[PDB]
Amino acid sequence: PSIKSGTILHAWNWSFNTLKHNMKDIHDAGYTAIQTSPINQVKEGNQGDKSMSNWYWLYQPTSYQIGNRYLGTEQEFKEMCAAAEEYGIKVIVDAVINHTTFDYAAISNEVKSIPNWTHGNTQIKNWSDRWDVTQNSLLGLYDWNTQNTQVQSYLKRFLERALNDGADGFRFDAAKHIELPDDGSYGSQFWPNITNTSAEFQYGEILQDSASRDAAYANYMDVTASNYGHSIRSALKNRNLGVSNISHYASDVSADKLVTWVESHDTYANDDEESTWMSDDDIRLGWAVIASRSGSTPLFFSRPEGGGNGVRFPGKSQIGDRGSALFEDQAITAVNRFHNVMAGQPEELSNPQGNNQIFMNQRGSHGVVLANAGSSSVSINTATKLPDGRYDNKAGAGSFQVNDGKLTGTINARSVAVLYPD
Ligand SMILES: [Ca+2]
Ligand SMILES: [Ca+2]
Ligand SMILES: [Ca+2]
């Protein structure tokens with residue numbers, strides 16, 4: 001299938017060499033593509049220390065040469081993309097092209113060689129003013145002068161290089177901070193131009209608000225369903241998976257142009273710790289919900305080894321090392337495969353017997369996914385289109401039966417279920 005049809009593994013902070021070595025496992029996990037952290041040169045602050053708390057330096061470019069101390073060299077990136085292809089895995093690169101580091105003295109002469117390359121570092125003030133949001137600085141990070149056709153070619157050359165090194169797609173960091181052709185009199189052809197590459201798949205991080213212009217960006221790339229992420233999280237928090245709150249994407253953009261998640265690296269690693277509270281079960285459950293969906297493209301966030309239950313960085317690994325083994329959890333991968341096999345099937349979300357603690361998604365008449373957010377097991381008995389027969393839970397222990405259109409079986413507490421003919 002295409003990248004848009006499958007699931008994506010966010011290999012957050014995974015070095016190029018780490019990725020290359022876990023490639024067979026990534027494949028067996030049912031992922032169609034992996035997303036790396038920024039691969040360009042950055043300001044390796046705090047003396048380049050690899051403590052997981054230093055994750056943010058990767059978002060402070062100093063040049064657009066490929067390679068850095070956190071992820072590895074440009075050669076290792078290439079080898080990584082090659083090892084990925086040996087398994088049909090696509091590679092999506094996190095492109096930070098809206099800004100550079102805040103430290104002007106760290107910026108490379110290479111960048112400074114570009115005449116009038118920056119809008120300055122005047123921090124945004126009015127997040128309701130498309131002018132201030134796009135033309136000024138985010139957190140003090142020098143804002144690229146994207147209206148300058150010369151910066152465009154410099155940045156696009158970087159993207160083209162990545163594609164030549166084996167990259168297959170992009171994730172445009174802070175995409176909401178780069179003007180569109182119709183943003184008043186300060187608009188540019190930045191997006192029309194840079195999205196014109198051989199990239200197979202590309203989406204932009206556009207966190208939603210009154211001025212994010214979600215639908216506008218969708219014309220040039222897929223977009224993030226940030227609101228939906230909060231909808232899911234709230235559901236997980238209250239152990240209430242009622243479909244009246246988690247079926248709508250809370251966005252004007254339709255599923256087919258949406259990239260979804262249970263949590264993002266931002267909601268997890270920032271000092272706000274807004275999603276850090278979740279446990280692995282909360283993730284197995286949330287992932288069952290979003291990854292069972294039709295159209296949208298789910299992004300699985302790989303957490304730091306030992307991370308969760310409110311603790312961001314427990315110190316059991318550092319930047320570069322692989323994340324926890326949840327990305328290849330039986331429940332998680334079973335759902336990945338379900339997502340892949342059902343591609344093209346319609347969907348039907350519900351809450352069996354009116355119990356909102358039970359999520360159910362029936363895709364066409366080929367497969368069903370159940371999610372029990374409650375702390376007690378539930379003997380299900382609901383309508384289904386699956387052909388009569390016995391179905392072993394692919395996501396875990398247990399089995400179910402389908403007789404005369406009746407789906408019966410027990411779904412353990414805090415558990416996921418995935419059923420469909422072999
Ligand atoms: Ca900008
Ligand atoms: Ca490739
Ligand atoms: Ca904490």
# chains A, B, ... in the order shown; residues from 1 in each chain; ligands from 1
$ residues_around --residues "residue 14 (chain A)" --least-positions-apart "3" --cutoff "12 Å" --atoms "only C-alpha atoms" --output "ChimeraX atom specification"
/A:9-11,17-23,34-39,50,52,55,58,69-72,77,80,301-305,317-324
$ residues_around --residues "residue 87 (chain A)" --least-positions-apart "5" --cutoff "10 Å" --atoms "only C-alpha atoms" --output "NGL selection string"
:A and (23-24 or 26-28 or 32 or 82)
$ select_by_dssp --residues "region 36-166 of chain A" --states "strand (DSSP E)" --output "ChimeraX atom specification"
/A:36,40-42,61-68,72-73,90-95,118-120,143-144
$ closest_residue --among "A:309, A:238, A:47, A:224" --to "ligand 3" --atoms "only C-alpha atoms and all ligand atoms"
A:309
$ atom_distance --atom1 "CA of residue 342 (chain A)" --atom2 "CA of residue 361 (chain A)"
11.3 Å
$ closest_residue --among "A:360, A:96, A:243, A:283" --to "residue 176 (chain A)" --atoms "only C-alpha atoms"
A:96
$ residues_near_ligand --ligand "ligand 3" --cutoff "10 Å" --atoms "only C-alpha atoms and all ligand atoms" --output "list in words"
residues 268, 269, 270, 271, 272, 273, 274, 276, 277, 307, 308, 309, 310, 311, 312, 313 and 314 of chain A
$ write_last_selection --atoms "C-alpha atoms" --output "mmCIF file, in the first residue's frame"
data_model
loop_
_atom_site.group_PDB
_atom_site.id
_atom_site.type_symbol
_atom_site.label_atom_id
_atom_site.label_comp_id
_atom_site.auth_asym_id
_atom_site.auth_seq_id
_atom_site.Cartn_x
_atom_site.Cartn_y
_atom_site.Cartn_z
ATOM 1 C CA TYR A 268 4.518 14.346 25.851
ATOM 2 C CA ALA A 269 8.014 15.898 26.153
ATOM 3 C CA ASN A 270 7.272 19.576 26.844
ATOM 4 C CA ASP A 271 7.235 20.935 30.390
ATOM 5 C CA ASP A 272 3.427 21.106 30.172
ATOM 6 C CA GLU A 273 3.350 17.291 30.191
ATOM 7 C CA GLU A 274 -0.170 17.351 28.830
ATOM 8 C CA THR A 276 2.621 12.362 29.755
ATOM 9 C CA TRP A 277 0.085 10.934 32.214
ATOM 10 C CA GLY A 307 8.497 6.633 30.118
ATOM 11 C CA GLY A 308 4.887 7.206 31.096
ATOM 12 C CA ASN A 309 2.485 7.422 34.013
ATOM 13 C CA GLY A 310 3.486 11.081 34.378
ATOM 14 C CA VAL A 311 7.250 10.581 34.113
ATOM 15 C CA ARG A 312 8.766 12.070 30.950
ATOM 16 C CA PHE A 313 12.436 11.172 31.374
ATOM 17 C CA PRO A 314 13.224 8.334 33.850
#
$ closest_atom_pairs --of "chain A" --to "ligand 1" --cutoff "10 Å" --atoms "only C-alpha atoms and all ligand atoms" --output "JSON lines"
{"residue": "A:97", "atom": "CA", "partner": "ligand 1", "partner_atom_place_in_ligand_line": "1 (Ca)", "distance": 8.9}
{"residue": "A:98", "atom": "CA", "partner": "ligand 1", "partner_atom_place_in_ligand_line": "1 (Ca)", "distance": 5.2}
{"residue": "A:99", "atom": "CA", "partner": "ligand 1", "partner_atom_place_in_ligand_line": "1 (Ca)", "distance": 6.9}
{"residue": "A:118", "atom": "CA", "partner": "ligand 1", "partner_atom_place_in_ligand_line": "1 (Ca)", "distance": 9.2}
{"residue": "A:119", "atom": "CA", "partner": "ligand 1", "partner_atom_place_in_ligand_line": "1 (Ca)", "distance": 7.7}
{"residue": "A:120", "atom": "CA", "partner": "ligand 1", "partner_atom_place_in_ligand_line": "1 (Ca)", "distance": 9.8}
{"residue": "A:124", "atom": "CA", "partner": "ligand 1", "partner_atom_place_in_ligand_line": "1 (Ca)", "distance": 9.9}
{"residue": "A:131", "atom": "CA", "partner": "ligand 1", "partner_atom_place_in_ligand_line": "1 (Ca)", "distance": 9.2}
{"residue": "A:132", "atom": "CA", "partner": "ligand 1", "partner_atom_place_in_ligand_line": "1 (Ca)", "distance": 8.7}
{"residue": "A:133", "atom": "CA", "partner": "ligand 1", "partner_atom_place_in_ligand_line": "1 (Ca)", "distance": 7.0}
{"residue": "A:134", "atom": "CA", "partner": "ligand 1", "partner_atom_place_in_ligand_line": "1 (Ca)", "distance": 4.1}
{"residue": "A:135", "atom": "CA", "partner": "ligand 1", "partner_atom_place_in_ligand_line": "1 (Ca)", "distance": 4.9}
{"residue": "A:136", "atom": "CA", "partner": "ligand 1", "partner_atom_place_in_ligand_line": "1 (Ca)", "distance": 6.1}
{"residue": "A:137", "atom": "CA", "partner": "ligand 1", "partner_atom_place_in_ligand_line": "1 (Ca)", "distance": 6.7}
{"residue": "A:138", "atom": "CA", "partner": "ligand 1", "partner_atom_place_in_ligand_line": "1 (Ca)", "distance": 7.9}
{"residue": "A:141", "atom": "CA", "partner": "ligand 1", "partner_atom_place_in_ligand_line": "1 (Ca)", "distance": 9.8}
{"residue": "A:142", "atom": "CA", "partner": "ligand 1", "partner_atom_place_in_ligand_line": "1 (Ca)", "distance": 8.8}
{"residue": "A:143", "atom": "CA", "partner": "ligand 1", "partner_atom_place_in_ligand_line": "1 (Ca)", "distance": 5.2}
{"residue": "A:144", "atom": "CA", "partner": "ligand 1", "partner_atom_place_in_ligand_line": "1 (Ca)", "distance": 6.1}
{"residue": "A:145", "atom": "CA", "partner": "ligand 1", "partner_atom_place_in_ligand_line": "1 (Ca)", "distance": 7.1}
{"residue": "A:146", "atom": "CA", "partner": "ligand 1", "partner_atom_place_in_ligand_line": "1 (Ca)", "distance": 7.0}
{"residue": "A:147", "atom": "CA", "partner": "ligand 1", "partner_atom_place_in_ligand_line": "1 (Ca)", "distance": 9.6}
{"residue": "A:174", "atom": "CA", "partner": "ligand 1", "partner_atom_place_in_ligand_line": "1 (Ca)", "distance": 8.4}
{"residue": "A:175", "atom": "CA", "partner": "ligand 1", "partner_atom_place_in_ligand_line": "1 (Ca)", "distance": 8.4}
{"residue": "A:176", "atom": "CA", "partner": "ligand 1", "partner_atom_place_in_ligand_line": "1 (Ca)", "distance": 8.0}
{"residue": "A:177", "atom": "CA", "partner": "ligand 1", "partner_atom_place_in_ligand_line": "1 (Ca)", "distance": 4.4}
{"residue": "A:178", "atom": "CA", "partner": "ligand 1", "partner_atom_place_in_ligand_line": "1 (Ca)", "distance": 4.3}
{"residue": "A:179", "atom": "CA", "partner": "ligand 1", "partner_atom_place_in_ligand_line": "1 (Ca)", "distance": 6.8}
$ write_last_selection --atoms "C-alpha atoms" --output "PDB file, in the first residue's frame"
ATOM      1  CA  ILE A  97      12.279  24.953   7.479  1.00  0.00           C
ATOM      2  CA  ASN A  98      10.325  27.781   9.103  1.00  0.00           C
ATOM      3  CA  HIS A  99      13.199  28.872  11.335  1.00  0.00           C
ATOM      4  CA  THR A 118      15.550  36.341   7.952  1.00  0.00           C
ATOM      5  CA  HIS A 119      12.388  38.084   9.187  1.00  0.00           C
ATOM      6  CA  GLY A 120      14.209  38.557  12.471  1.00  0.00           C
ATOM      7  CA  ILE A 124       4.952  36.356  17.977  1.00  0.00           C
ATOM      8  CA  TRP A 131       0.595  38.251   9.709  1.00  0.00           C
ATOM      9  CA  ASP A 132       2.273  38.011  13.116  1.00  0.00           C
ATOM     10  CA  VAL A 133       2.017  34.222  13.193  1.00  0.00           C
ATOM     11  CA  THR A 134       3.706  33.791   9.814  1.00  0.00           C
ATOM     12  CA  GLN A 135       6.009  36.841   9.550  1.00  0.00           C
ATOM     13  CA  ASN A 136       7.425  36.961  13.070  1.00  0.00           C
ATOM     14  CA  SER A 137       9.358  34.551  15.291  1.00  0.00           C
ATOM     15  CA  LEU A 138       8.263  31.445  17.149  1.00  0.00           C
ATOM     16  CA  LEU A 141      13.860  31.241  16.682  1.00  0.00           C
ATOM     17  CA  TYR A 142      15.074  33.276  13.725  1.00  0.00           C
ATOM     18  CA  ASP A 143      12.283  33.196  11.169  1.00  0.00           C
ATOM     19  CA  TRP A 144      13.302  32.300   7.610  1.00  0.00           C
ATOM     20  CA  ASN A 145      12.444  34.958   5.031  1.00  0.00           C
ATOM     21  CA  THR A 146      10.366  32.564   2.934  1.00  0.00           C
ATOM     22  CA  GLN A 147       9.295  35.272   0.465  1.00  0.00           C
ATOM     23  CA  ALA A 174       5.666  24.548  12.294  1.00  0.00           C
ATOM     24  CA  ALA A 175       4.062  24.587   8.842  1.00  0.00           C
ATOM     25  CA  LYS A 176       1.435  26.983  10.204  1.00  0.00           C
ATOM     26  CA  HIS A 177       4.140  29.647  10.508  1.00  0.00           C
ATOM     27  CA  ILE A 178       4.879  29.941   6.808  1.00  0.00           C
ATOM     28  CA  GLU A 179       2.510  32.071   4.759  1.00  0.00           C
TER      29      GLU A 179
END
$ residues_around --residues "residue 347 (chain A)" --least-positions-apart "6" --cutoff "8 Å" --atoms "only C-alpha atoms" --output "number ranges by chain"
A: 293-294, 361-364
$ closest_residue --among "A:31, A:281, A:221, A:355" --to "residue 379 (chain A)" --atoms "only C-alpha atoms"
A:355
$ closest_atom_pairs --of "chain A" --to "ligand 2" --cutoff "7 Å" --atoms "only C-alpha atoms and all ligand atoms" --output "CSV"
residue,atom,partner,partner_atom_place_in_ligand_line,distance
A:81,CA,ligand 2,1 (Ca),5.5
A:82,CA,ligand 2,1 (Ca),6.9
A:85,CA,ligand 2,1 (Ca),6.0
A:90,CA,ligand 2,1 (Ca),5.2
A:91,CA,ligand 2,1 (Ca),5.6
A:166,CA,ligand 2,1 (Ca),4.0
A:167,CA,ligand 2,1 (Ca),4.7
A:168,CA,ligand 2,1 (Ca),4.7
$ residues_around --residues "residue 140 (chain A)" --least-positions-apart "3" --cutoff "7 Å" --atoms "only C-alpha atoms" --output "list in words"
residues 102, 121, 122, 123 and 137 of chain A
$ write_last_selection --atoms "C-alpha atoms" --output "PDB file, in the first residue's frame"
ATOM      1  CA  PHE A 102      17.586  31.425  18.280  1.00  0.00           C
ATOM      2  CA  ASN A 121      13.618  37.121  15.954  1.00  0.00           C
ATOM      3  CA  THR A 122      10.728  39.297  17.190  1.00  0.00           C
ATOM      4  CA  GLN A 123       8.560  36.806  19.073  1.00  0.00           C
ATOM      5  CA  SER A 137       9.358  34.551  15.291  1.00  0.00           C
TER       6      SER A 137
END
$ decode --residues "region 100-140 of chain A" --atoms "C-alpha atoms" --output "CSV table (one decimal), in the first residue's frame"
chain,number,residue,atom,x,y,z
A,100,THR,CA,16.7,28.3,12.6
A,101,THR,CA,18.1,28.3,16.1
A,102,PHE,CA,17.6,31.4,18.3
A,103,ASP,CA,21.3,31.8,18.9
A,104,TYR,CA,22.5,34.0,16.0
A,105,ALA,CA,26.1,33.2,16.8
A,106,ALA,CA,25.6,29.5,16.3
A,107,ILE,CA,24.0,29.9,12.8
A,108,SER,CA,26.4,28.8,10.1
A,109,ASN,CA,28.1,31.2,7.6
A,110,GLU,CA,26.4,29.0,5.0
A,111,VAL,CA,23.1,30.4,6.0
A,112,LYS,CA,24.3,34.0,6.7
A,113,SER,CA,25.6,34.0,3.1
A,114,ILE,CA,22.1,34.3,1.9
A,115,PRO,CA,21.3,38.1,1.4
A,116,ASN,CA,18.3,39.1,3.6
A,117,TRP,CA,17.6,35.5,4.8
A,118,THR,CA,15.5,36.3,8.0
A,119,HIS,CA,12.4,38.1,9.2
A,120,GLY,CA,14.2,38.6,12.5
A,121,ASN,CA,13.6,37.1,16.0
A,122,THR,CA,10.7,39.3,17.2
A,123,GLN,CA,8.6,36.8,19.1
A,124,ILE,CA,5.0,36.4,18.0
A,125,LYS,CA,2.4,38.1,20.1
A,126,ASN,CA,-1.0,37.8,18.5
A,127,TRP,CA,-1.8,34.2,17.6
A,128,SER,CA,-5.0,35.5,15.9
A,129,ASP,CA,-3.0,37.6,13.4
A,130,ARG,CA,-1.9,35.5,10.4
A,131,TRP,CA,0.6,38.3,9.7
A,132,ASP,CA,2.3,38.0,13.1
A,133,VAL,CA,2.0,34.2,13.2
A,134,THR,CA,3.7,33.8,9.8
A,135,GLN,CA,6.0,36.8,9.5
A,136,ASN,CA,7.4,37.0,13.1
A,137,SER,CA,9.4,34.6,15.3
A,138,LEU,CA,8.3,31.4,17.1
A,139,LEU,CA,9.9,31.3,20.6
A,140,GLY,CA,12.6,33.6,19.4
